[PDB]
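Undergrad: One structure coming up, written as structure tokens, with questions to follow.
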Amino acid sequence: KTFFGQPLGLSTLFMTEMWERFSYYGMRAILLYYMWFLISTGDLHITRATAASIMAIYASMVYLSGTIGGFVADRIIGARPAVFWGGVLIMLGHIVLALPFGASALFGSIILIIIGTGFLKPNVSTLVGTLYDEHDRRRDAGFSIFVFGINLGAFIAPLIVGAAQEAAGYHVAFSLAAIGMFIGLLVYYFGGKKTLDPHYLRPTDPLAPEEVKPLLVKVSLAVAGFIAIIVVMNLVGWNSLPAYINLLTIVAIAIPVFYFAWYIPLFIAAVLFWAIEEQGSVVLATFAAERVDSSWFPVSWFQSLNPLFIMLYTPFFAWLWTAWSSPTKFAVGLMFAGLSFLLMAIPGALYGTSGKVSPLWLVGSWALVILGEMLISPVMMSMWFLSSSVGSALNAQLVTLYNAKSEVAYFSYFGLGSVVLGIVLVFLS
Ligand SMILES: CCCCCCC/C=C\CCCCCC(=O)OC[C@@H](O)CO
Ligand SMILES: CCCCCCC/C=C\CCCCCC(=O)OC[C@@H](O)CO
Ligand SMILES: CCCCCCC/C=C\CCCCCC(=O)OC[C@@H](O)CO
Ligand SMILES: CCCCCCC/C=C\CCCCCC(=O)OC[C@@H](O)CO
Ligand SMILES: CCCCCCC/C=C\CCCCCC(=O)OC[C@H](O)CO
Ligand SMILES: CCCCCCC/C=C\CCCCCC(=O)OC[C@H](O)CO
Ligand SMILES: N[C@@H](Cc1ccccc1)C(=O)O
């Protein structure tokens, strides 16, 4: 009695992440459109460029938060309660958007989700490994099934939430995301008791008595330093929303710069790929709503194409690895990400940017970037959240450059630059 050949505990962790990814991507599939709506009603006083910049820096902070989440669970609270309380905060984040608020609830929702995802995301993957004794062949297979559940929830979420939004408005749609996380917590709590090791109800590497004080000093200096900057920024007048976004961008990018100051192309190639891939929920989401002949279905459903192609490619790629150079899998994967943007430059160049084009352009675009991602994933998970975070931090600046007038050039330059650097890697490798 197994779960696809794996310990039964995988089933609990499978579903738990599926429903968290459901709540997360269901929210993101309509959040940008929700901000557009708040702007159009005059409730939210920002530009569409800023709203899209917020989408990118949001994702950046979510993964940056995931970089330290493992530490807090391993040393302080425990992996199991970290997942639970992380899920609680996430559920609360979606509840906030379900309340009859407008722009006033956005910041609170963002913070709750960032902190919550930071506790849950790295620790649920940690718990997956705990199912396996140290040297097991099943381990690789078990994680792969786990990734499938992640993309499963990411697939059905834009379909369900997006349709719900179209029918019953935004607040109801955000509530379904909250319900999704609630389902995950239910399964996780009761399913976890049956299987999961009681060992991870407590931290596995608890702080030694002499470790507490220097840790306290470290976090206090950082918070004080971060507070000092914000204070200084306000005195000089750099206190607009884009000014804060810039600060977060600088912070997110400074961290790896310093980490290395204390693999470089491999990390850069990862950052650039994730930047392109993460723009599917921002730039491609904008393009879908403005340039696509899609009047017979919710435009938010385009967000399902990314996890759809992942689920479609994985059985094929499972062959390739058994059918027959780690840096080269980054070199080519980045070229495919660049080709996906080059493809998007075509309909605007051929038909102009004023009208509407086929949805098949987006399908082809995602088909290429996911093809790139298939090479990326097989090639320190805290660093995995880091390259992802910087890529999104880069997006927070680049994404603002995108509009109907600049569409063709935007896709062309970043499409070409990505391919070139993929070839630059070919020469270096
Ligand atoms: C919210 C929906 C789930 C039902 C929970 C009911 C109990 C209320 C509060 C319990 C909080 C304690 C946290 C439990 C925990 O660390 O999670 C471990 C899980 O694997 C099983 O214990
Ligand atoms: C290890 C991490 C430490 C690195 C932190 C470095 C931060 C130093 C300075 C950041 C403040 C500048 C960002 C704010 C800003 O310029 O806003 C833009 C403003 O011109 C918009 O009108
Ligand atoms: C690997 C080869 C696959 C085929 C791809 C070749 C096509 C790539 C780019 C061609 C774009 C043509 C679209 C029309 C165009 O650019 O004309 C614009 C300009 O002449 C009019 O103002
Ligand atoms: C691994 C798969 C690679 C994907 C290749 C990229 C696909 C190339 C072109 C896709 C869309 C072509 C247009 C189809 C169409 O029906 O045109 C209608 C018209 O409205 C065009 O805008
Ligand atoms: C590298 C990221 C650090 C961020 C963590 C945020 C938490 C800040 C302070 C929490 C530390 C307090 C925990 C101390 C503790 O419970 O252990 C002391 C006992 O001697 C051991 O059980
Ligand atoms: C085999 C995979 C897909 C192949 C993708 C190849 C596409 C490469 C470039 C496409 C777009 C070329 C640029 C067009 C351009 O800048 O013209 C300007 C427009 O006339 C208006 O700005
Ligand atoms: N699509 C990925 C996003 C991600 C990238 C990198 C690290 C962590 C998460 C997921 O849901 O898991």
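Chain labels A, B, ... are given in the sequence in which chains occur in the structure tokens; within each chain residues are numbered consecutively from 1, and ligands are likewise numbered from 1 in the order shown.
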Set the cut-off to 7 Å, count only C-alpha atoms and all ligand atoms, and list whatever residues fall near ligand 7 as a ChimeraX atom specification.
TA: /A:21,63,150-151,384-385,388
Undergrad: Kindly provide, as a list in words, all nucleotide and amino acid residues lying within 8 Å of ligand 6, counting only C-alpha atoms and all ligand atoms.
TA: residues 339, 340, 342, 343, 344, 345, 346, 348, 349, 350, 352, 368, 406, 407, 408, 409, 411, 412, 415 and 416 of chain A
Undergrad: Neighbours of ligand 1 at 7 Å or closer, counting only C-alpha atoms and all ligand atoms: which residues, as number ranges by chain?
TA: A: 80-82, 84-85, 88, 182, 185-186, 188-190, 192-193, 196, 201
Undergrad: Skipping near chain neighbours, those fewer than 4 positions away, what residues fall within 12 Å of residue 79 of chain A using only C-alpha atoms, listed as a PDB file with N, CA, C and O atoms, in the first residue's frame?
TA:
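Ended up saving to result.pdb:
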ATOM      1  N   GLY A  69      12.869  30.781   5.941  1.00  0.00           N
ATOM      2  CA  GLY A  69      11.805  30.004   6.552  1.00  0.00           C
ATOM      3  C   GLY A  69      12.281  28.666   7.082  1.00  0.00           C
ATOM      4  O   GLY A  69      11.795  28.185   8.111  1.00  0.00           O
ATOM      5  N   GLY A  70      13.235  28.064   6.376  1.00  0.00           N
ATOM      6  CA  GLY A  70      13.794  26.788   6.779  1.00  0.00           C
ATOM      7  C   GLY A  70      14.568  26.908   8.075  1.00  0.00           C
ATOM      8  O   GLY A  70      14.502  26.026   8.933  1.00  0.00           O
ATOM      9  N   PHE A  71      15.299  28.012   8.212  1.00  0.00           N
ATOM     10  CA  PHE A  71      16.086  28.286   9.407  1.00  0.00           C
ATOM     11  C   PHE A  71      15.205  28.388  10.648  1.00  0.00           C
ATOM     12  O   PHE A  71      15.493  27.775  11.676  1.00  0.00           O
ATOM     13  N   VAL A  72      14.136  29.173  10.543  1.00  0.00           N
ATOM     14  CA  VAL A  72      13.244  29.413  11.673  1.00  0.00           C
ATOM     15  C   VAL A  72      12.592  28.117  12.153  1.00  0.00           C
ATOM     16  O   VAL A  72      12.402  27.915  13.352  1.00  0.00           O
ATOM     17  N   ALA A  73      12.271  27.234  11.215  1.00  0.00           N
ATOM     18  CA  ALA A  73      11.663  25.952  11.550  1.00  0.00           C
ATOM     19  C   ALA A  73      12.689  24.971  12.112  1.00  0.00           C
ATOM     20  O   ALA A  73      12.406  24.237  13.057  1.00  0.00           O
ATOM     21  N   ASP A  74      13.881  24.955  11.528  1.00  0.00           N
ATOM     22  CA  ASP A  74      14.905  24.003  11.952  1.00  0.00           C
ATOM     23  C   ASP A  74      15.495  24.330  13.322  1.00  0.00           C
ATOM     24  O   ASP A  74      15.899  23.431  14.060  1.00  0.00           O
ATOM     25  N   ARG A  75      15.529  25.613  13.666  1.00  0.00           N
ATOM     26  CA  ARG A  75      16.218  26.054  14.874  1.00  0.00           C
ATOM     27  C   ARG A  75      15.304  26.538  16.002  1.00  0.00           C
ATOM     28  O   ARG A  75      15.681  26.491  17.175  1.00  0.00           O
ATOM     29  N   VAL A  83       4.606  24.756   9.039  1.00  0.00           N
ATOM     30  CA  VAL A  83       3.716  24.537   7.907  1.00  0.00           C
ATOM     31  C   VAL A  83       2.287  24.922   8.267  1.00  0.00           C
ATOM     32  O   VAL A  83       1.602  25.598   7.496  1.00  0.00           O
ATOM     33  N   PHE A  84       1.847  24.497   9.449  1.00  0.00           N
ATOM     34  CA  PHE A  84       0.496  24.795   9.910  1.00  0.00           C
ATOM     35  C   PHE A  84       0.255  26.294  10.047  1.00  0.00           C
ATOM     36  O   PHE A  84      -0.635  26.845   9.400  1.00  0.00           O
ATOM     37  N   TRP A  85       1.043  26.945  10.899  1.00  0.00           N
ATOM     38  CA  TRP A  85       0.872  28.371  11.160  1.00  0.00           C
ATOM     39  C   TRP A  85       1.184  29.217   9.930  1.00  0.00           C
ATOM     40  O   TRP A  85       0.644  30.308   9.768  1.00  0.00           O
ATOM     41  N   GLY A  86       2.044  28.703   9.060  1.00  0.00           N
ATOM     42  CA  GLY A  86       2.294  29.341   7.782  1.00  0.00           C
ATOM     43  C   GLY A  86       1.034  29.308   6.936  1.00  0.00           C
ATOM     44  O   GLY A  86       0.701  30.278   6.256  1.00  0.00           O
ATOM     45  N   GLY A 118       6.542  32.001   3.514  1.00  0.00           N
ATOM     46  CA  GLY A 118       7.899  31.822   3.998  1.00  0.00           C
ATOM     47  C   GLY A 118       8.011  30.698   5.010  1.00  0.00           C
ATOM     48  O   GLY A 118       9.013  29.983   5.046  1.00  0.00           O
ATOM     49  N   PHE A 119       6.983  30.533   5.835  1.00  0.00           N
ATOM     50  CA  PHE A 119       6.978  29.459   6.823  1.00  0.00           C
ATOM     51  C   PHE A 119       6.608  28.105   6.219  1.00  0.00           C
ATOM     52  O   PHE A 119       7.151  27.074   6.616  1.00  0.00           O
ATOM     53  N   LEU A 120       5.691  28.114   5.259  1.00  0.00           N
ATOM     54  CA  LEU A 120       5.141  26.872   4.726  1.00  0.00           C
ATOM     55  C   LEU A 120       5.982  26.264   3.599  1.00  0.00           C
ATOM     56  O   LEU A 120       6.371  25.098   3.670  1.00  0.00           O
ATOM     57  N   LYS A 121       6.248  27.055   2.565  1.00  0.00           N
ATOM     58  CA  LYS A 121       6.885  26.560   1.340  1.00  0.00           C
ATOM     59  C   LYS A 121       8.191  25.765   1.500  1.00  0.00           C
ATOM     60  O   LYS A 121       8.304  24.661   0.966  1.00  0.00           O
ATOM     61  N   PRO A 122       9.186  26.313   2.218  1.00  0.00           N
ATOM     62  CA  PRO A 122      10.417  25.518   2.294  1.00  0.00           C
ATOM     63  C   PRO A 122      10.288  24.325   3.234  1.00  0.00           C
ATOM     64  O   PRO A 122      11.032  23.355   3.104  1.00  0.00           O
ATOM     65  N   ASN A 123       9.345  24.399   4.166  1.00  0.00           N
ATOM     66  CA  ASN A 123       9.225  23.387   5.207  1.00  0.00           C
ATOM     67  C   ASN A 123       8.398  22.174   4.802  1.00  0.00           C
ATOM     68  O   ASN A 123       8.559  21.089   5.360  1.00  0.00           O
ATOM     69  N   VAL A 124       7.514  22.359   3.832  1.00  0.00           N
ATOM     70  CA  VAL A 124       6.723  21.250   3.321  1.00  0.00           C
ATOM     71  C   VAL A 124       7.607  20.359   2.446  1.00  0.00           C
ATOM     72  O   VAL A 124       7.430  19.142   2.405  1.00  0.00           O
ATOM     73  N   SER A 125       8.577  20.966   1.768  1.00  0.00           N
ATOM     74  CA  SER A 125       9.532  20.212   0.966  1.00  0.00           C
ATOM     75  C   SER A 125      10.505  19.470   1.876  1.00  0.00           C
ATOM     76  O   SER A 125      10.919  18.348   1.580  1.00  0.00           O
ATOM     77  N   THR A 126      10.863  20.114   2.983  1.00  0.00           N
ATOM     78  CA  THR A 126      11.699  19.504   4.009  1.00  0.00           C
ATOM     79  C   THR A 126      11.025  18.266   4.589  1.00  0.00           C
ATOM     80  O   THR A 126      11.656  17.221   4.748  1.00  0.00           O
ATOM     81  N   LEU A 127       9.735  18.388   4.893  1.00  0.00           N
ATOM     82  CA  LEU A 127       8.967  17.274   5.445  1.00  0.00           C
ATOM     83  C   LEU A 127       8.860  16.098   4.478  1.00  0.00           C
ATOM     84  O   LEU A 127       8.723  14.952   4.904  1.00  0.00           O
ATOM     85  N   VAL A 128       8.914  16.385   3.181  1.00  0.00           N
ATOM     86  CA  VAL A 128       8.856  15.336   2.167  1.00  0.00           C
ATOM     87  C   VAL A 128      10.074  14.423   2.274  1.00  0.00           C
ATOM     88  O   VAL A 128       9.959  13.200   2.174  1.00  0.00           O
ATOM     89  N   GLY A 129      11.238  15.022   2.494  1.00  0.00           N
ATOM     90  CA  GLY A 129      12.465  14.263   2.635  1.00  0.00           C
ATOM     91  C   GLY A 129      12.493  13.417   3.894  1.00  0.00           C
ATOM     92  O   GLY A 129      13.161  12.384   3.944  1.00  0.00           O
ATOM     93  N   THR A 130      11.759  13.857   4.911  1.00  0.00           N
ATOM     94  CA  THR A 130      11.718  13.153   6.189  1.00  0.00           C
ATOM     95  C   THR A 130      11.012  11.803   6.070  1.00  0.00           C
ATOM     96  O   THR A 130      11.177  10.929   6.923  1.00  0.00           O
ATOM     97  N   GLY A 192      -1.443  14.602   8.838  1.00  0.00           N
ATOM     98  CA  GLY A 192      -0.101  14.655   9.389  1.00  0.00           C
ATOM     99  C   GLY A 192       0.049  13.869  10.677  1.00  0.00           C
ATOM    100  O   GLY A 192       1.090  13.254  10.914  1.00  0.00           O
ATOM    101  N   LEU A 196       3.112  11.561   9.771  1.00  0.00           N
ATOM    102  CA  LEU A 196       4.338  12.320   9.997  1.00  0.00           C
ATOM    103  C   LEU A 196       4.993  12.043  11.347  1.00  0.00           C
ATOM    104  O   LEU A 196       4.323  11.763  12.343  1.00  0.00           O
ATOM    105  N   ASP A 197       6.318  12.110  11.346  1.00  0.00           N
ATOM    106  CA  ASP A 197       7.132  11.863  12.526  1.00  0.00           C
ATOM    107  C   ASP A 197       6.928  12.979  13.548  1.00  0.00           C
ATOM    108  O   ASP A 197       6.977  14.159  13.200  1.00  0.00           O
ATOM    109  N   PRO A 198       6.684  12.608  14.815  1.00  0.00           N
ATOM    110  CA  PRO A 198       6.573  13.559  15.928  1.00  0.00           C
ATOM    111  C   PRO A 198       7.876  14.319  16.165  1.00  0.00           C
ATOM    112  O   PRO A 198       7.890  15.324  16.878  1.00  0.00           O
ATOM    113  N   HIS A 199       8.959  13.834  15.569  1.00  0.00           N
ATOM    114  CA  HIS A 199      10.274  14.443  15.732  1.00  0.00           C
ATOM    115  C   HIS A 199      10.305  15.869  15.191  1.00  0.00           C
ATOM    116  O   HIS A 199      11.060  16.710  15.679  1.00  0.00           O
ATOM    117  N   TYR A 200       9.478  16.134  14.185  1.00  0.00           N
ATOM    118  CA  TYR A 200       9.469  17.437  13.531  1.00  0.00           C
ATOM    119  C   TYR A 200       8.362  18.346  14.047  1.00  0.00           C
ATOM    120  O   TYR A 200       8.033  19.353  13.423  1.00  0.00           O
ATOM    121  N   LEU A 201       7.793  17.987  15.193  1.00  0.00           N
ATOM    122  CA  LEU A 201       6.908  18.890  15.913  1.00  0.00           C
ATOM    123  C   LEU A 201       7.772  19.886  16.674  1.00  0.00           C
ATOM    124  O   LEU A 201       7.297  20.927  17.126  1.00  0.00           O
ATOM    125  N   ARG A 202       9.050  19.548  16.812  1.00  0.00           N
ATOM    126  CA  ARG A 202      10.017  20.398  17.490  1.00  0.00           C
ATOM    127  C   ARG A 202      11.197  20.646  16.553  1.00  0.00           C
ATOM    128  O   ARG A 202      11.427  19.865  15.629  1.00  0.00           O
ATOM    129  N   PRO A 203      11.938  21.746  16.774  1.00  0.00           N
ATOM    130  CA  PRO A 203      13.125  22.031  15.961  1.00  0.00           C
ATOM    131  C   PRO A 203      14.179  20.940  16.094  1.00  0.00           C
ATOM    132  O   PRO A 203      14.415  20.441  17.194  1.00  0.00           O
ATOM    133  N   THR A 204      14.799  20.577  14.977  1.00  0.00           N
ATOM    134  CA  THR A 204      15.783  19.500  14.955  1.00  0.00           C
ATOM    135  C   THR A 204      17.165  19.983  15.372  1.00  0.00           C
ATOM    136  O   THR A 204      17.974  19.209  15.884  1.00  0.00           O
ATOM    137  N   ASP A 205      17.432  21.264  15.144  1.00  0.00           N
ATOM    138  CA  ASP A 205      18.673  21.881  15.597  1.00  0.00           C
ATOM    139  C   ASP A 205      18.365  23.105  16.457  1.00  0.00           C
ATOM    140  O   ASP A 205      18.573  24.240  16.031  1.00  0.00           O
ATOM    141  N   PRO A 206      17.866  22.873  17.681  1.00  0.00           N
ATOM    142  CA  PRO A 206      17.440  23.975  18.552  1.00  0.00           C
ATOM    143  C   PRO A 206      18.616  24.852  18.958  1.00  0.00           C
ATOM    144  O   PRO A 206      19.739  24.362  19.054  1.00  0.00           O
TER     145      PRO A 206
END
Undergrad: Residues contacting ligand 2 - anything with an atom at most 6 Å away, using only C-alpha atoms and all ligand atoms - can you give me those as a compact mmCIF listing (two decimals) with C-alpha atoms, in the first residue's frame?
TA:
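This is the output file out18.txt:
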# COMPACT_ATOMS: atom_id res chain seq x y z
CA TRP A 238 11.84 59.61 -1.70
CA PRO A 242 7.83 53.28 -6.64
CA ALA A 243 10.53 54.56 -4.27
CA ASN A 246 13.11 50.35 -5.63
CA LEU A 247 14.33 49.85 -2.07
CA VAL A 251 17.66 44.72 -1.02
CA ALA A 254 22.19 43.15 -2.79
CA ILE A 255 21.81 39.87 -0.87
Undergrad: Residues within 10 Å of ligand 4 should be enumerated using only C-alpha atoms and all ligand atoms and returned as a count of residues only.
TA: 33
Undergrad: How would you write, as a PyMOL selection string, the set of residues no farther than 7 Å from ligand 5 when counting only C-alpha atoms and all ligand atoms?
TA: chain A and resi 68+71-72+76+206-209+212+215-216+219
Undergrad: Kindly assemble as a tab-separated table a list of the segment 97-150 of chain A residues that lie within 12 Å of segment 45-56 of chain A, each paired with its nearest atom pair and their distance in Å to one decimal, using only C-alpha atoms, sorted first by chain and then by ascending residue number.
TA:
residue	atom	partner	partner_atom	distance
A:102	CA	A:45	CA	11.6
A:103	CA	A:45	CA	8.9
A:104	CA	A:45	CA	11.4
A:106	CA	A:54	CA	10.6
A:107	CA	A:54	CA	10.4
A:110	CA	A:54	CA	10.0
Undergrad: With only C-alpha atoms as the counted atoms, please give the residues lying no more than 7 Å from segment 266-278 of chain A, apart from itself and same-chain residues fewer than 2 positions off, as a list in words.
TA: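 Residues meeting the cut-off are residues 263, 264, 280, 281, 327, 330, 334, 337, 369, 387, 388, 390, 391, 392, 394 and 395 of chain A.
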Undergrad: Using only C-alpha atoms, which residues sit within 9 Å of residue 289 of chain A once same-chain residues fewer than 5 positions away are excluded, as number ranges by chain?
TA: A: 33, 284, 294, 299-300
Undergrad: If you keep N, CA and C atoms, can you produce a file of those selected residues as a PDB file, in the first residue's frame?
TA:
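Everything below was put into result-v8.pdb:
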ATOM      1  N   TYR A  33      -5.646  42.107 -12.276  1.00  0.00           N
ATOM      2  CA  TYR A  33      -6.899  42.593 -12.842  1.00  0.00           C
ATOM      3  C   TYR A  33      -7.724  43.288 -11.766  1.00  0.00           C
ATOM      4  N   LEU A 284       2.519  38.981 -19.748  1.00  0.00           N
ATOM      5  CA  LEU A 284       1.664  38.117 -20.557  1.00  0.00           C
ATOM      6  C   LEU A 284       0.219  38.148 -20.065  1.00  0.00           C
ATOM      7  N   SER A 294     -10.260  36.804 -26.851  1.00  0.00           N
ATOM      8  CA  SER A 294     -10.742  35.858 -25.847  1.00  0.00           C
ATOM      9  C   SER A 294     -12.008  36.342 -25.150  1.00  0.00           C
ATOM     10  N   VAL A 299     -10.206  35.596 -19.108  1.00  0.00           N
ATOM     11  CA  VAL A 299      -8.841  35.810 -19.573  1.00  0.00           C
ATOM     12  C   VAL A 299      -7.809  35.304 -18.561  1.00  0.00           C
ATOM     13  N   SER A 300      -8.245  35.126 -17.320  1.00  0.00           N
ATOM     14  CA  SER A 300      -7.374  34.632 -16.258  1.00  0.00           C
ATOM     15  C   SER A 300      -6.985  33.168 -16.461  1.00  0.00           C
TER      16      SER A 300
END
Undergrad: Which residues are near segment 135-144 of chain A? Cut-off 12 Å, only C-alpha atoms, ignore same chain within fewer than 5 positions. Put them as a PDB file with C-alpha atoms, in the first residue's frame.
TA:
ATOM      1  CA  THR A   2       1.823   3.061  -1.321  1.00  0.00           C
ATOM      2  CA  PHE A   3       1.156   6.429  -2.935  1.00  0.00           C
ATOM      3  CA  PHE A   4       2.420   5.883  -6.484  1.00  0.00           C
ATOM      4  CA  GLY A   5       5.211   3.724  -5.048  1.00  0.00           C
ATOM      5  CA  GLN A   6       6.027   6.107  -2.210  1.00  0.00           C
ATOM      6  CA  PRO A   7       5.306   6.201   1.554  1.00  0.00           C
ATOM      7  CA  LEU A   8       1.669   7.052   2.384  1.00  0.00           C
ATOM      8  CA  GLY A   9       2.803  10.270   4.057  1.00  0.00           C
ATOM      9  CA  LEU A  10       3.537  11.724   0.637  1.00  0.00           C
ATOM     10  CA  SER A  11      -0.218  11.805   0.017  1.00  0.00           C
ATOM     11  CA  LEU A  13       2.181  16.488   1.800  1.00  0.00           C
ATOM     12  CA  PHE A  14       1.091  16.159  -1.828  1.00  0.00           C
ATOM     13  CA  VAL A 124       6.723  21.250   3.321  1.00  0.00           C
ATOM     14  CA  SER A 125       9.532  20.212   0.966  1.00  0.00           C
ATOM     15  CA  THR A 126      11.699  19.504   4.009  1.00  0.00           C
ATOM     16  CA  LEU A 127       8.967  17.274   5.445  1.00  0.00           C
ATOM     17  CA  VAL A 128       8.856  15.336   2.167  1.00  0.00           C
ATOM     18  CA  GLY A 129      12.465  14.263   2.635  1.00  0.00           C
ATOM     19  CA  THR A 130      11.718  13.153   6.189  1.00  0.00           C
ATOM     20  CA  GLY A 149       0.967  18.245  -7.014  1.00  0.00           C
ATOM     21  CA  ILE A 150       2.373  21.760  -6.894  1.00  0.00           C
ATOM     22  CA  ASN A 151       1.625  22.241 -10.592  1.00  0.00           C
ATOM     23  CA  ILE A 310       4.722  21.369 -16.983  1.00  0.00           C
ATOM     24  CA  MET A 311       2.381  18.440 -16.335  1.00  0.00           C
ATOM     25  CA  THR A 314       7.196  15.812 -17.276  1.00  0.00           C
ATOM     26  CA  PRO A 315       6.215  12.319 -18.501  1.00  0.00           C
ATOM     27  CA  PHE A 317      11.261  14.296 -19.920  1.00  0.00           C
ATOM     28  CA  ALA A 318      11.115  11.307 -17.579  1.00  0.00           C
ATOM     29  CA  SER A 377      14.548  22.365 -12.538  1.00  0.00           C
ATOM     30  CA  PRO A 378      16.919  19.358 -12.492  1.00  0.00           C
TER      31      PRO A 378
END
Undergrad: DSSP on the backbone, alpha helix (DSSP H) only: what residues of segment 88-317 of chain A does that give? Format it as a ChimeraX atom specification.
TA: /A:88-98,106-130,138-195,209-236,241-261,264-278,283-291,305-317
Undergrad: Identify which of the residues A:24, A:148, A:36, A:58 lies closest to residue 87 of chain A, counting only C-alpha atoms when measuring atom-to-atom distances.
TA: A:24
